[PDB]
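Below: one structure, written as structure tokens.
Cβ atoms come from the backbone with ideal geometry, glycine included; neighbour counts cover every protein chain shown. Every number here is computed from the coordinates shown, using simple stated rules; none is lab data.
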Amino acid sequence: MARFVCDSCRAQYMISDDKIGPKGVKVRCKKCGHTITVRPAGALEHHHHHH
Ligand SMILES: [Zn+2]
């Protein structure tokens, strides 16, 4: 679960790549509790794991 929404007020949201930049920090709906990942086309936060 890593796409912009809020089922509590709006049910859908979106952002651009030019608001992630070099930082890609996690966000929330600016009047609620629902937490969302700031990402463009991929719909996912990452892992940086090893195998
Ligand atoms: Zn909301």
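Here are a few things to note about the model shown:
- Selected residue (criterion: surrounded by the fewest Cβ atoms within 10 Å (Cβ to Cβ)) from residues of segment 2-28 that are in contact (Cβ under 8 Å) with a residue 24 or more places away in the chain and either of a type outside the set (D, E, K, R) or in a strand (DSSP E or B) (or both): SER16
- Restricting segment 22-51 to residues that are basic (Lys, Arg) and away from the ligand (no atom under 16 Å from the Cβ), the residue that is farthest from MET1 (Cα to Cα): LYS23
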